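Inspection log for the structure reproduced underneath, given as structure tokens.
Just so it is clear, A, B, C, D and E label the chains in written order, and each chain counts residues from 1 on its own.
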Amino acid sequence: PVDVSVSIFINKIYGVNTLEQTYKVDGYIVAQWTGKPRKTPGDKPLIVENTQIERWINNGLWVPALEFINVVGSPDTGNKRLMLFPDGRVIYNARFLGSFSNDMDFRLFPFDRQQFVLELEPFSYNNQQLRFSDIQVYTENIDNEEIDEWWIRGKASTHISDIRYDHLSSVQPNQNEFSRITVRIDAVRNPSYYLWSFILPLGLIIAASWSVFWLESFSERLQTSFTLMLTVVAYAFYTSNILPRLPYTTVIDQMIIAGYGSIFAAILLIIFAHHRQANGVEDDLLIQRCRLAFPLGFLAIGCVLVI
Amino acid sequence: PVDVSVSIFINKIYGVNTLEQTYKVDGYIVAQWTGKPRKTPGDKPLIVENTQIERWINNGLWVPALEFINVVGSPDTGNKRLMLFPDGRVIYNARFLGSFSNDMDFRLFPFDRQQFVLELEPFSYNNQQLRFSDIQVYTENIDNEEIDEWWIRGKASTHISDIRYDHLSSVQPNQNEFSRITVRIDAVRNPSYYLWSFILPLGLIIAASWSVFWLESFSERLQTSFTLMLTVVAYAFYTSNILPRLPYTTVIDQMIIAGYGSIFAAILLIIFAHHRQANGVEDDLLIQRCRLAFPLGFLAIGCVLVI
Amino acid sequence: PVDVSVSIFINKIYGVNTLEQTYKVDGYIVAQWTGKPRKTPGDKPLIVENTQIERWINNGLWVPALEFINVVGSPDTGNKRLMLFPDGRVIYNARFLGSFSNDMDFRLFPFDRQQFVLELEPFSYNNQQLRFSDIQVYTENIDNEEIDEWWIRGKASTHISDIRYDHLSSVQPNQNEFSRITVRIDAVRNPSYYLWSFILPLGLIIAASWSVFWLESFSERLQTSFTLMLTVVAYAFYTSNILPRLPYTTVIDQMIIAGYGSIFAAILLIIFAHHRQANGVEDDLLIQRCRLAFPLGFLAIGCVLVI
Amino acid sequence: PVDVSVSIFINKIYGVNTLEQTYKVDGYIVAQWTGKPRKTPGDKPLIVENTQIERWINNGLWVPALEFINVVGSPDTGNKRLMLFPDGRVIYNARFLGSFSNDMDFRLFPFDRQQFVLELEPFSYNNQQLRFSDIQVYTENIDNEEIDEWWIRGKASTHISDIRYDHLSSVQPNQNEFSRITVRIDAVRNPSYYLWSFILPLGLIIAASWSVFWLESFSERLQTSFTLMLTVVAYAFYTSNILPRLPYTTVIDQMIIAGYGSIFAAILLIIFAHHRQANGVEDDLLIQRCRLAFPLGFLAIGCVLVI
Amino acid sequence: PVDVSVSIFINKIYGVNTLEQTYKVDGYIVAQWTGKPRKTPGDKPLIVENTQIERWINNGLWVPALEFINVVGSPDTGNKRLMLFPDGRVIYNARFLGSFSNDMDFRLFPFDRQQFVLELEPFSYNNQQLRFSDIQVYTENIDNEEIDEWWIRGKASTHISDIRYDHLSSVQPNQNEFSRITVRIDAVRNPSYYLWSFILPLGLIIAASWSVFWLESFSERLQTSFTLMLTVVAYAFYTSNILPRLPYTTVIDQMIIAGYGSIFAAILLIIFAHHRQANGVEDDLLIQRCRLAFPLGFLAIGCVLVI
């Protein structure tokens, strides 16, 4: 069992794809294991850069292939390097940019708790062992929070476990097990933009739609309600175009639905008030006075929902 | 005829392209056939990783090229590996991400039954035989259903058949036939988002468009109907922008068309009511009382259509 | 002059880009020419797969480079293979996906007659001759027509010609001429989606815009006409966003323009009716009765245009 | 100083990016210089195709690297070829597709005069000389003009100059100078689509906005003006979505601004007419009669602007 | 410690991605260090072009890998060249296009002060020293300012520093330190397009929304206010579609919010005026006369905000 020390440097996280549940990571990966002592030019360690590494591999140098389990496609590998010390240790350093996968729940969307994971694991080697994992996130989490889209909470996280693959080749007994490094980074979305540019005017619009009951004539009350409907549709459009695509409804979508339902309910009451009648036209006092009931009645449901 | 055992591990299915009828698959492929016994270092099997495999092929090692028939372009091949046992068996393991093709009917779109297929088959070898196919979909179908976009039903499916190519080279008689592995996975789309964020408010809008008959003045009835038309167009826009592009109409599109037709019909009746007349202005009782007939008359067609 | 037999298998055609006049083709290409007899292992023909082909070329094996003339960029070349028979024939088989160019007229757009062309021709060799071209389109043209976006008419088409390049190097006399294979596939667009989801509601909207003349008050007639204008703009938007981008106007765009012109004309008549007058207000009978003339007067132009 | 004859064949120009000031070119490049006589197989010139060229370079064959100065990124290089004549001449032929840069002024946008430039120049060689440049644009400029987006005027253009680089290595005196080929192609945009589908209905809308003064009641005049404002915004949207993105205003944008300004001015006059008054309500005759002044007053500015 | 002289030529800066905080740079990089004297053919320096450089590296020629620290992915490397002088100096010249990262604050967006940075640094070598950095931005900053999107202020900027990496391998004492070149270019966005096509009509719209108080009837005042709301939503859409996506609100977004708030406030006052009353209907003089207060009251906040 060969001991391998992994260090991962995270430069940037970006390009979140909500539909594909995918996010981009750029950084460095460093792997250090101790092999057989060697004779370098002078005593000083040897530096082997990109194209030459292959040449060394062809001469029988041993370089385990480490795979990102949760990666999508194949990473963009930048400059890579081998460092060979005379005392036998070997240090592989490479730069990568890759698209990674993980389970992501956006149902809370404006206010989101997401976590970005990297899963590393040897491709072909069951007994080679990951000694320890060190993650340098040092690119500052809090410098400007309201600039960066996501606010990163705490410094990384680490797990080194043994994954067992049940379905395998003819020889079971001693190796189903591969060592896996899991690095998770917790992050929270910045609600500002969505609160001010979406939630707020949406609220204003809903509240304003309640003002239909302060109209005098029935005709006015109806004809206006249609304009309201149109406004909600237009808003639904404005949101849907900018907002990220999802298989499910977010909080904002629910607000929109609440808008539609509020207006349709208003329509029903407005028509009901007219044709529930003394002779044919009598309009209900308390009902036309629902201008108080409707806003809080909505607010009741509003306070009930997140709860 | 060489026996080849194939195992395919499906990690993720995503990136469905409705227009191109294409979907992305990420996973592993494992091929195992038994060759001539060999002498490995020690007794233990030999592990040959990525770049080295080519070197082994150049030395006369035999590695059949397996082709995905239904793939689009060429797959993104990750880490690949050969495992050479002294008793002669050879196991090829590779990681891939690829875009695959298949016939897809979206006419039911909000509620969709689709099936994702992989078609494997040797490129150049007519007699080499696929022994058996095993598909590990083990990445959990039901864990969170309402998170994942598609709900996968059952565990995979398998067929191993012999495909005959009629048009071929000068020598017909014994080999037109190649062994083909076909893996199909049945899946059903999650209607939630579309029901709540599309179907529902669309319904509310249609129903509301029926309220035009509860207006008193002819002018009101018309002028309002135009606002309704506008609203339906705006909605058609909001849907069309978000929804996937298709060569054909879905259920929702039909609903939209139903909206247009309902409103235009309403216009016709509204004008007809005015100018079918006692003197010139007489409005038809039963017709202005169509407020009952129109909703169910639509509903009749609605219940007739899916039927 | 070397005789070369080409067979092309078309798997899929897709990704039409209207602006770039480009379309994607995936399939196989097979080239067969007869060289000098060879000694294979056993008698059986030799199979040389991807990476090895280059190695054979470096040993002086002759492999003409065939170029797609109308290709854009360079194709995605999948698995490729050489088959070497002892009697001297050589068969090159490769899989490709590529973007191809051709002249495309979309002026009829909803109903389109387009043709997809492949142009093959030796890169460096003036005397090497393409014996015959065979195109297997066998992937079924008619299975489900209303699923596939394009309906393919007939089985392919073929031409083998000699192209002469006037401008050339210092030596003219005997070779300006290269053999070119041209494969054309005629296809017709499926109008369904565009008829129902675009043409139809657009028509309904136009017809409805004629109902403005059934209004009583001048004010109503005007104020409504503006809402109509807005509706046409909104519709123009909804179409333009979904529909493919073009340098020219399609049929639908013309319909839109017809809408604008109809409404503006309506405005002119509505204002004219008011201020062409007995004293100042007199409205013209026949003119307010143009509710008959306008629809057919439009229809006249409509029946005149395609004609 | 080595004489090099360059011939460039332009197949297609497309993919204009207004923001990046970039355009795509596909074609062939041919370079011919005369080296030392050689012994070919037979007397006939030698054909060296793609992969082999490198092999020849490694044997000390001399192949100058020609760089496109104005290219963006690196070109997609298709099939390439060397032709070696026994009398010593060498002809390099390659196919390329590349994104090129040039200064582009879109301020006139609907009617545009643009020019597409290619700048070629040896990478490392100060004394090697470009003998002459020949550009075959022969792909027909005028066949169908209203199909192609751009109308190409005249056949190419050519310049061969000497560029001097001031800032250089330690040795100045005799070589700051590299030979540069510049190929420019003048082209004019097709205004049709923009005239009919944009300019025209925009005009109709503006003209129609002048009809607000033919309304009787002040309320009507205002309430309608708002609908007009909305219509102009909607139109601004429809244009902005389809039209290419720019750092500056085009002609159409100016028209839009003119729309806004016209309507706001109308608002100001409408309110002014009401509250500039005999008692409080008196409306100005000449002002309500500005229905004549406003259209030409706008037209005055319109005829003044391009002038 | 090897002295390395770097010169960087900036051709173009473009493709700013606001969300990813990324921008494209195209140009040349030149690195000059003095090695061991060599014997060239003749006395004249040797020119080694693209593919050959690798061959020289394989023979033990030393070519430090320089990394762009702030690059995203890996650059598109064009033609590259080595120049070997007999006196031992070596000059590496390469052309590159790459996407680079940097902190970008768009909160001021229409008027933006941004700075484009390049960070260069040896990949594997702690003692090799960057002698000096020279940046040729010579592509003209001021030629046409209103054409180019960004106005570049001053000629570049330069820093050469020593970066210390705390976390490292087992040997600390003398080398934590790598030499880093930092090149920063200050630029300011061109407000024209946004002022005229966005800020201005937005202002006109706001001002116009104040005209609601000049209406007589309460009904008019309300029903109109809704149309205003719709107009602001439509405008919010038109802006949001064209404008760049951000995690935060810009100035324009704030203006939009101000619009919504202004209209909602107007609604509140309009309803309050009606139902704060003598009997039930009395409308407040000063309140209906707020037509003066509202515009400046807004303007007060407007002048307070940037301040």
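The definition used in the following text is that a contact is a pair of C-beta atoms (placed from the backbone, for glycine too) under 8 Å apart; a residue touches a chain by one contact, two chains touch by 3 or more.
Which protein is which chain? UniProt says A, B, C, D, E = Gamma-aminobutyric-acid receptor subunit beta-1.
Listing every chain that touches chain A and chain D alike gives E.
Centre-to-centre spacing of chain C and chain D amounts to 24 Å, using the average Cα coordinate of each chain.
The centroid of the Cα atoms in chain B and the matching centroid in chain D are 40 Å apart. In chain D, the residues that touch at least two other chains are 223, 227, 230, 234, 237, 241. In the cyclic arrangement of chains, the order starting from chain B and heading towards chain C is B, C, D, E, A.
The part of chain D that touches chain E in the complex is made up of residues 19-21, 54, 57-58, 63-65, 67, 71-74, 101, 103, 105, 107, 123-125, 167, 169, 219, 222-223, 226-227, 229-230, 233-234, 236-237, 240-241, 245-249, 253, 256-257, 260-261, 264, 267, 271, 274-275. The touching residues of chain E, counted against chain D in their complex, run 7, 11-12, 14-15, 26, 32, 47, 49-52, 55, 76-79, 81, 83, 91, 93, 95, 97, 134, 136, 144, 146-149, 190, 192-193, 196-197, 200-201, 204-205, 207-208, 211, 214-217, 220, 223-224, 227-228, 230-231, 234-235, 237-238, 241-242.
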